[PDB]
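*Asks:* Pasting entry_6.csv below, which is CSV, C-alpha atoms and all ligand atoms.
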chain,number,residue,atom,x,y,z
E,5,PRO,CA,-18.3,-4.3,193.4
E,6,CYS,CA,-18.7,-1.2,195.7
E,7,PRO,CA,-15.9,-0.2,198.0
E,8,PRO,CA,-16.8,0.0,201.7
E,9,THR,CA,-17.6,3.3,203.2
E,10,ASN,CA,-15.1,4.9,205.6
E,11,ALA,CA,-17.6,4.1,208.4
E,12,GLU,CA,-17.6,0.4,207.5
E,13,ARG,CA,-13.8,0.6,207.4
E,14,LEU,CA,-13.8,1.7,211.0
E,15,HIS,CA,-16.0,-1.3,211.9
E,16,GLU,CA,-13.4,-3.6,210.2
E,17,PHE,CA,-10.6,-1.9,212.1
E,18,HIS,CA,-12.2,-2.2,215.5
E,19,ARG,CA,-13.1,-5.8,214.8
E,20,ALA,CA,-9.4,-6.5,213.8
E,21,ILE,CA,-7.9,-5.0,217.0
E,22,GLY,CA,-10.5,-6.4,219.4
E,23,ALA,CA,-12.0,-3.0,220.2
E,24,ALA,CA,-15.7,-2.6,221.1
E,25,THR,CA,-17.8,-2.0,218.0
E,26,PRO,CA,-21.5,-2.7,218.6
E,27,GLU,CA,-24.1,-3.2,215.9
E,28,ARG,CA,-26.7,-0.8,217.4
E,29,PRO,CA,-26.6,2.4,219.4
E,30,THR,CA,-25.1,1.4,222.8
E,31,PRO,CA,-24.4,3.8,225.7
E,32,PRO,CA,-20.7,3.6,226.5
E,33,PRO,CA,-18.8,3.3,229.7
E,34,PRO,CA,-16.8,6.4,230.7
E,35,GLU,CA,-13.5,4.8,229.7
E,36,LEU,CA,-14.6,4.7,226.0
E,37,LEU,CA,-15.7,8.3,225.9
E,38,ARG,CA,-12.4,9.5,227.6
E,39,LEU,CA,-10.4,7.6,225.0
E,40,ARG,CA,-12.5,9.0,222.1
E,41,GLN,CA,-11.9,12.5,223.5
E,42,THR,CA,-8.2,11.7,223.7
E,43,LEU,CA,-7.9,10.5,220.1
E,44,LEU,CA,-9.9,13.5,218.9
E,45,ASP,CA,-7.5,15.9,220.7
E,46,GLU,CA,-4.4,14.2,219.4
E,47,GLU,CA,-5.4,14.2,215.7
E,48,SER,CA,-6.9,17.7,215.7
E,49,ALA,CA,-3.6,19.0,217.2
E,50,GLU,CA,-1.7,17.3,214.4
E,51,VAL,CA,-4.1,18.9,211.8
E,52,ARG,CA,-3.5,22.3,213.4
E,53,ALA,CA,0.3,21.7,213.2
E,54,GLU,CA,0.2,21.0,209.5
E,55,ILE,CA,-2.0,24.0,208.7
E,56,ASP,CA,0.5,26.2,210.7
E,57,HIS,CA,3.4,24.8,208.7
E,58,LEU,CA,1.7,25.5,205.5
E,59,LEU,CA,0.7,29.0,206.6
E,60,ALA,CA,4.3,29.8,207.6
E,61,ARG,CA,5.8,28.5,204.3
E,62,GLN,CA,3.3,30.7,202.4
E,63,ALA,CA,4.2,33.7,204.6
E,64,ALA,CA,7.9,33.2,203.6
E,65,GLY,CA,6.8,33.3,199.9
E,66,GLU,CA,7.0,29.6,199.2
E,67,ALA,CA,4.8,28.3,196.3
E,68,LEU,CA,3.1,25.2,197.6
E,69,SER,CA,2.8,22.2,195.3
E,70,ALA,CA,0.1,19.6,195.4
E,71,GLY,CA,2.7,17.3,197.0
E,72,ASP,CA,3.1,19.8,199.9
E,73,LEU,CA,-0.5,19.0,200.9
E,74,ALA,CA,0.2,15.4,201.6
E,75,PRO,CA,1.0,15.9,205.4
E,76,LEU,CA,-2.2,17.9,205.9
E,77,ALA,CA,-4.3,15.5,203.9
E,78,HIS,CA,-2.9,12.7,206.0
E,79,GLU,CA,-3.9,14.3,209.3
E,80,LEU,CA,-7.3,15.4,208.1
E,81,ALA,CA,-7.9,11.7,207.3
E,82,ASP,CA,-6.6,10.8,210.8
E,83,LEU,CA,-9.2,13.2,212.2
E,84,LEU,CA,-11.9,11.5,210.1
E,85,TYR,CA,-10.6,8.1,211.3
E,86,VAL,CA,-11.0,9.0,215.0
E,87,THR,CA,-14.3,10.8,214.4
E,88,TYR,CA,-15.8,7.8,212.6
E,89,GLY,CA,-14.2,5.7,215.3
E,90,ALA,CA,-16.1,7.4,218.0
E,91,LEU,CA,-19.4,6.8,216.2
E,92,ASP,CA,-18.5,3.2,215.5
E,93,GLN,CA,-17.6,2.5,219.1
E,94,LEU,CA,-21.0,3.9,220.1
E,95,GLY,CA,-22.8,1.4,217.9
E,96,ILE,CA,-24.1,4.3,215.7
E,97,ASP,CA,-24.0,4.0,211.9
E,98,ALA,CA,-22.1,7.1,210.9
E,99,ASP,CA,-23.4,7.1,207.3
E,100,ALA,CA,-27.0,7.2,208.6
E,101,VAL,CA,-26.2,10.2,210.8
E,102,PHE,CA,-24.2,11.9,208.1
E,103,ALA,CA,-26.9,11.4,205.5
E,104,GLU,CA,-29.3,13.3,207.9
E,105,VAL,CA,-26.9,16.1,208.7
E,106,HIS,CA,-26.2,16.5,204.9
E,107,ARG,CA,-29.9,16.5,204.0
E,108,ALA,CA,-30.4,19.3,206.5
E,109,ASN,CA,-27.4,21.3,205.4
E,110,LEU,CA,-28.1,20.9,201.7
E,111,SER,CA,-31.8,21.7,202.2
E,112,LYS,CA,-30.8,24.9,204.1
E,113,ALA,CA,-28.8,26.0,201.0
E,114,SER,CA,-32.0,26.9,199.2
E,115,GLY,CA,-33.4,30.4,199.0
E,125,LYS,CA,-33.5,29.2,205.1
E,126,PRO,CA,-36.2,27.7,202.9
E,127,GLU,CA,-39.9,27.1,203.4
E,128,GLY,CA,-40.6,24.0,205.5
E,129,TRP,CA,-37.0,23.5,206.4
E,130,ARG,CA,-36.5,20.7,209.0
E,131,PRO,CA,-33.2,20.7,210.9
E,132,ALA,CA,-31.2,17.4,211.3
E,133,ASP,CA,-33.2,14.9,213.4
E,134,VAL,CA,-30.3,12.8,214.7
E,135,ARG,CA,-32.4,11.5,217.6
E,136,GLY,CA,-34.8,10.0,215.1
E,137,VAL,CA,-31.8,8.4,213.4
E,138,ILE,CA,-30.8,6.7,216.6
E,139,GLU,CA,-34.3,5.4,217.0
E,140,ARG,CA,-34.4,3.9,213.5
E,141,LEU,CA,-31.0,2.3,214.0
E,142,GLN,CA,-32.1,0.3,217.0
E,143,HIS,CA,-34.6,-1.5,214.7
E,144,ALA,CA,-32.8,-3.1,211.8
N,5,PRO,CA,-23.6,2.0,190.3
N,6,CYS,CA,-22.2,2.8,193.8
N,7,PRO,CA,-24.1,5.0,196.2
N,8,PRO,CA,-22.5,8.4,197.0
N,9,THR,CA,-19.8,8.6,199.7
N,10,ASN,CA,-19.8,11.3,202.3
N,11,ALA,CA,-16.8,12.9,200.6
N,12,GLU,CA,-18.9,13.1,197.4
N,13,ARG,CA,-21.7,14.6,199.4
N,14,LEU,CA,-19.5,17.5,200.4
N,15,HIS,CA,-18.6,18.2,196.8
N,16,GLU,CA,-22.4,18.3,196.1
N,17,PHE,CA,-22.9,20.7,199.0
N,18,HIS,CA,-20.1,23.1,197.9
N,19,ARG,CA,-21.5,23.0,194.4
N,20,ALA,CA,-25.0,23.8,195.7
N,21,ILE,CA,-23.7,26.9,197.5
N,22,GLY,CA,-21.8,28.1,194.5
N,23,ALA,CA,-18.4,27.7,196.2
N,24,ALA,CA,-17.6,24.8,193.9
N,25,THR,CA,-14.2,23.2,194.5
N,26,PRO,CA,-11.4,21.9,192.4
N,27,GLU,CA,-11.3,18.3,191.1
N,28,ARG,CA,-7.6,17.8,191.5
N,29,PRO,CA,-5.3,18.7,194.5
N,30,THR,CA,-4.9,22.4,194.5
N,31,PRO,CA,-2.8,24.5,196.8
N,32,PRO,CA,-5.1,26.9,198.6
N,33,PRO,CA,-4.8,30.6,199.6
N,34,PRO,CA,-4.0,31.3,203.3
N,35,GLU,CA,-7.4,32.6,204.1
N,36,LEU,CA,-8.9,29.3,203.1
N,37,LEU,CA,-6.5,27.4,205.4
N,38,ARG,CA,-7.4,29.7,208.3
N,39,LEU,CA,-11.1,29.4,207.6
N,40,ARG,CA,-11.0,25.5,207.6
N,41,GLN,CA,-9.1,25.6,210.9
N,42,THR,CA,-11.8,27.8,212.4
N,43,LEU,CA,-14.5,25.4,211.4
N,44,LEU,CA,-12.5,22.5,212.8
N,45,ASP,CA,-12.0,24.2,216.2
N,46,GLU,CA,-15.7,25.3,216.4
N,47,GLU,CA,-17.1,21.7,215.8
N,48,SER,CA,-14.3,20.1,217.8
N,49,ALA,CA,-15.2,22.3,220.8
N,50,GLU,CA,-18.9,21.3,220.3
N,51,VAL,CA,-17.9,17.6,220.3
N,52,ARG,CA,-15.7,18.1,223.4
N,53,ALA,CA,-18.7,19.8,225.1
N,54,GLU,CA,-21.0,16.8,224.5
N,55,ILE,CA,-18.4,14.3,225.6
N,56,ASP,CA,-17.9,16.2,228.8
N,57,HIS,CA,-21.6,16.3,229.5
N,58,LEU,CA,-22.2,12.6,229.0
N,59,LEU,CA,-19.1,11.9,231.2
N,60,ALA,CA,-20.6,14.3,233.8
N,61,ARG,CA,-23.9,12.5,233.8
N,62,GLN,CA,-22.2,9.1,234.2
N,63,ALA,CA,-20.0,10.5,236.9
N,64,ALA,CA,-23.1,11.8,238.7
N,65,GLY,CA,-24.5,8.3,238.6
N,66,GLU,CA,-27.0,8.8,235.8
N,67,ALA,CA,-27.6,6.0,233.3
N,68,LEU,CA,-27.4,6.9,229.6
N,69,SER,CA,-29.9,5.7,227.1
N,70,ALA,CA,-29.1,5.3,223.4
N,71,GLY,CA,-31.2,8.4,222.7
N,72,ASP,CA,-29.0,10.4,225.0
N,73,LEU,CA,-26.2,9.9,222.4
N,74,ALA,CA,-27.9,12.0,219.7
N,75,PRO,CA,-26.4,15.4,220.6
N,76,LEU,CA,-22.9,13.8,220.6
N,77,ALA,CA,-23.6,11.8,217.4
N,78,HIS,CA,-24.8,15.0,215.8
N,79,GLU,CA,-21.6,17.0,216.6
N,80,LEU,CA,-19.4,14.1,215.5
N,81,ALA,CA,-21.3,14.2,212.2
N,82,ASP,CA,-20.8,17.9,212.0
N,83,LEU,CA,-17.0,17.4,212.6
N,84,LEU,CA,-17.0,14.9,209.7
N,85,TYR,CA,-18.8,17.5,207.7
N,86,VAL,CA,-16.2,20.3,208.1
N,87,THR,CA,-13.2,17.8,207.9
N,88,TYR,CA,-14.5,16.4,204.6
N,89,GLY,CA,-15.2,20.1,203.8
N,90,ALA,CA,-11.5,20.9,204.1
N,91,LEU,CA,-10.3,18.0,201.9
N,92,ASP,CA,-12.9,18.9,199.2
N,93,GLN,CA,-11.8,22.6,199.1
N,94,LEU,CA,-8.3,21.3,198.6
N,95,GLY,CA,-9.4,19.2,195.5
N,96,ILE,CA,-8.3,16.1,197.4
N,97,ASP,CA,-10.2,12.8,197.2
N,98,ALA,CA,-10.9,12.1,200.9
N,99,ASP,CA,-11.9,8.5,200.1
N,100,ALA,CA,-8.6,7.8,198.4
N,101,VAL,CA,-6.6,9.2,201.3
N,102,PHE,CA,-8.7,7.4,203.8
N,103,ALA,CA,-8.4,4.0,202.1
N,104,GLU,CA,-4.6,4.3,202.3
N,105,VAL,CA,-4.7,5.4,206.0
N,106,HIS,CA,-7.1,2.5,206.6
N,107,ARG,CA,-4.7,0.0,205.0
N,108,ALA,CA,-1.9,1.3,207.3
N,109,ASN,CA,-4.1,1.1,210.4
N,110,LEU,CA,-5.3,-2.5,209.8
N,111,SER,CA,-1.6,-3.6,209.9
N,112,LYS,CA,-1.5,-2.4,213.6
N,113,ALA,CA,-3.6,-5.3,214.8
N,114,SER,CA,-0.8,-7.3,216.3
N,115,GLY,CA,0.7,-4.4,218.3
N,116,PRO,CA,0.2,-3.5,222.0
N,117,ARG,CA,-2.4,-1.3,223.6
N,118,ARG,CA,-2.0,1.8,225.7
N,119,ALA,CA,-3.5,1.8,229.2
N,120,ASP,CA,-6.4,4.0,227.9
N,121,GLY,CA,-7.1,1.6,225.0
N,122,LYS,CA,-5.3,3.3,222.1
N,123,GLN,CA,-4.0,0.8,219.6
N,124,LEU,CA,-0.2,1.2,219.3
N,125,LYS,CA,2.1,0.2,216.5
N,126,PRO,CA,3.6,-3.3,216.3
N,127,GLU,CA,7.4,-3.7,215.6
N,128,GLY,CA,8.2,-3.0,212.0
N,129,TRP,CA,5.0,-1.1,211.2
N,130,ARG,CA,5.2,1.0,208.0
N,131,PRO,CA,3.2,4.2,207.6
N,132,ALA,CA,0.7,5.1,204.9
N,133,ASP,CA,2.0,6.8,201.8
N,134,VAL,CA,-0.5,9.7,201.4
N,135,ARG,CA,2.1,11.5,199.2
N,136,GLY,CA,1.6,8.6,196.8
N,137,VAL,CA,-2.2,9.2,196.9
N,138,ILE,CA,-1.8,12.9,196.2
N,139,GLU,CA,0.6,12.2,193.3
N,140,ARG,CA,-1.9,9.6,191.9
N,141,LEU,CA,-4.8,12.1,192.2
N,142,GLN,CA,-2.7,14.9,190.8
N,143,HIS,CA,-1.8,13.1,187.6
N,144,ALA,CA,-5.2,11.5,186.8
H,201,LIG,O1,-6.7,3.2,218.8
H,201,LIG,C1,-6.5,3.7,217.7
H,201,LIG,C2,-5.3,4.0,217.3
H,201,LIG,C3,-5.1,4.6,216.0
H,201,LIG,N1,-6.2,4.9,215.3
H,201,LIG,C4,-6.0,5.5,214.0
H,201,LIG,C5,-6.4,6.8,213.9
H,201,LIG,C6,-5.3,7.4,212.9
H,201,LIG,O2,-5.5,7.1,211.5
H,201,LIG,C7,-4.1,6.9,213.3
H,201,LIG,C8,-3.6,7.6,214.5
H,201,LIG,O3,-2.7,6.8,215.2
H,201,LIG,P1,-1.3,7.4,215.8
H,201,LIG,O4,-1.6,8.6,216.7
H,201,LIG,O5,-0.6,6.3,216.6
H,201,LIG,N2,-0.3,7.7,214.4
H,201,LIG,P2,-0.1,9.2,213.7
H,201,LIG,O6,-0.2,9.0,212.2
H,201,LIG,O7,-1.1,10.2,214.1
H,201,LIG,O8,1.4,9.7,214.1
H,201,LIG,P3,1.7,10.5,215.5
H,201,LIG,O9,0.5,10.5,216.3
H,201,LIG,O10,2.9,10.0,216.2
H,201,LIG,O11,2.0,12.0,215.1
H,201,LIG,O12,-4.4,5.5,213.7
H,201,LIG,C9,-7.4,4.6,215.7
H,201,LIG,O13,-8.4,4.8,215.0
H,201,LIG,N3,-7.6,4.0,216.9
H,202,MG,MG,-1.4,10.7,216.3
H,203,MG,MG,-2.1,11.8,212.8
H,204,MG,MG,-22.2,21.4,215.5
Please lay out the structure from this file as structure tokens.
Ligand SMILES: O=c1ccn([C@H]2C[C@H](O)[C@@H](COP(=O)(O)NP(=O)(O)OP(=O)(O)O)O2)c(=O)[nH]1
Ligand SMILES: [Mg+2]
Ligand SMILES: [Mg+2]
Ligand SMILES: [Mg+2]
*Replies:*
Amino acid sequence: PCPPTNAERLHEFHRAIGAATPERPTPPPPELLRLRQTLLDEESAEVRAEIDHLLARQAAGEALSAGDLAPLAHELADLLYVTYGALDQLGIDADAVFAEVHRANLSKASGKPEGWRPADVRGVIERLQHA
Amino acid sequence: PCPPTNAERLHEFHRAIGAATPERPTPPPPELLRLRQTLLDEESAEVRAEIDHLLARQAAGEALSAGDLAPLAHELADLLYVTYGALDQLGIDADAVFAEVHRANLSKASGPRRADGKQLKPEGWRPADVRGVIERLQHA
């Protein structure tokens, strides 16, 4: 009926490979955070490589097609994957946090407007521990 | 009637700031590539800073509560925001690309693990075909 969100996809992935994936916000052991840092560094370095390749081809006068974006699109999705993966392994619903960051950002795009409240992610962590 | 995805939220944001973005994959100018990279680096460094700080408190012997995770969760959401931001400015359906990367990643389940926990690829694993997703999106 409705496809899963990318965050729920990460929960399915971690369940399938036997990786920790708690239901509610859970303080992690150091080994988890180190790995999440390592995955983030690997995939952001691959994103950077594809942007450089595209910049170099443009500098040599190449006319990029839509097909030429496939490697960059692949790596930006890998970055999403490891970014969602960090939140999932922390037991933190990424959609709930994103929805609050988006509400703040979108709200700030009016006028910094009157009564603008920044993102309250701590309050999101609280509401997530009671559901 | 399916609720909005986070990729669809970025299209709403870019529209609301009048920088509205293409609906189909669209090669970008160089300045747009360099701008997205800057935003990636800035939020990546903010995420790296929060990870280092939680690791430093744990190393120091301090016990994290769930509420201690909010600065890191916040920066991880920011990094999603500018990563989805880049795909939207390229006219590329992030959800369509992600679904194909996800399919490829589920097939890794029988493979070994690296010492640090990273899932590695089983024998005969086949990569995602994101070129196929771009071609699909481009000819919609
Ligand atoms: O433990 C893992 C392993 C992989 N992944 C996902 C993230 C990303 O979608 C992809 C990255 O895994 P690899 O680094 O093994 N493959 P990649 O496509 O990045 O090729 P390479 O790293 O060799 O350039 O698999 C996880 O989420 N957790
Ligand atoms: Mg990799
Ligand atoms: Mg990659
Ligand atoms: Mg930030």
*Asks:* Step by step, measure atom-to-atom distances between ligand MG 203 (chain H) and each residue using only C-alpha atoms and all ligand atoms, keep those at most 7 Å, then write them as a PyMOL selection string.
*Replies:* chain E and resi 47+50+78-79+82
*Asks:* Sorted by chain and rising residue number, which residues of chain N lie within 12 Å of ligand MG 202 (chain H), and what are their closest atom pairs and distances in Å to one decimal, counting all atoms listed in the file, as CSV?
*Replies:*
residue,atom,partner,partner_atom,distance
N:109,CA,H:MG202,MG,11.6
N:122,CA,H:MG202,MG,10.2
N:123,CA,H:MG202,MG,10.8
N:124,CA,H:MG202,MG,10.0
N:125,CA,H:MG202,MG,11.1
N:131,CA,H:MG202,MG,11.8
*Asks:* Can you tell me which residues come within 9 Å of ligand LIG 201 (chain H) when counting only C-alpha atoms and all ligand atoms, ideally as a PyMOL selection string?
*Replies:* (chain E and resi 14+17-18+21+23+39-40+43+46-47+50+78-79+81-90) or (chain N and resi 102+105-106+108-110+112+117-118+121-125+131-132)
*Asks:* Counting only C-alpha atoms and all ligand atoms, what are the residues, protein, DNA or RNA alike, that approach ligand MG 204 (chain H) to within 12 Å? I want them as a count of residues only.
*Replies:* 30
*Asks:* Counting only C-alpha atoms, which residue out of E:113, E:7, E:28, E:61 sits closest to residue 91 (chain E)?
*Replies:* E:28
*Asks:* Give me the residues within 10 Å of residue 24 (chain N) as a list in words, counting all atoms listed in the file and dropping any in the same chain fewer than 3 places off.
*Replies:*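 Residues near the query, excluding close chain neighbours: residues 14, 15, 16, 17, 18, 19, 20, 21, 27, 92 and 93 of chain N.
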*Asks:* At what distance in Å, to one decimal, does CA of residue 80 (chain E) lie from CA of residue 87 (chain N)?
*Replies:*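 Rounded to one decimal, the two atoms are 6.4 Å apart.
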*Asks:* Separation of CA of residue 42 (chain E) and CA of residue 37 (chain N), in Å?
*Replies:* 24.2 Å
*Asks:* Here is a test: counting all atoms listed in the file, which residue of N:127, N:66, N:12, N:99 is nearest to chain E?
*Replies:*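 Among the listed residues, N:99 lies closest to chain E.
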*Asks:* How many Å lie between CA of residue 97 (chain E) and CA of residue 10 (chain E), rounded to one decimal?
*Replies:*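 Spanning CA of residue 97 (chain E) to CA of residue 10 (chain E) is a straight-line distance of 10.9 Å.
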*Asks:* Here is a test: counting all atoms listed in the file, which residue of N:140, N:135, N:63, N:100 is nearest to chain E?
*Replies:*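 So, comparing all the options, the nearest one is N:135.
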*Asks:* Considering only C-alpha atoms, can you say which of N:39, N:70, N:141, N:11 comes closest to chain E?
*Replies:* N:70
*Asks:* Restricting the calculation to only C-alpha atoms, which member of E:138, E:12, E:54, E:60 is positioned closest to chain N?
*Replies:*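 When distances to chain N are compared using only C-alpha atoms, the smallest one comes from E:138.
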*Asks:* Applying 12 Å and only C-alpha atoms, which residues near residue 28 (chain N) remain after dropping the ones on its own chain fewer than 4 positions away? List them as a ChimeraX atom specification.
*Replies:* /E:69-71,73 /N:32,91-98,137-144
*Asks:* Kindly compute an axis-aligned box around the listed atoms of region 60-66 of chain E, allowing 4 Å on each side, and express its centre and edge lengths in Å to one decimal as JSON.
*Replies:*
{"center_x": 5.6, "center_y": 31.1, "center_z": 203.4, "size_x": 12.6, "size_y": 13.2, "size_z": 16.4}
*Asks:* Determine, counting only C-alpha atoms, which protein, DNA and RNA residues have an atom within 8 Å of an atom of residue 94 (chain E); residues of the same chain fewer than 2 positions away are not included. Present the result as a PyMOL selection string.
*Replies:* chain E and resi 25-26+28-32+90-92+96
*Asks:* Tell me which of N:113, N:119, N:67, N:36 sits closest to chain E, counting only C-alpha atoms.
*Replies:*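 Smallest separation from chain E among the options: N:113.
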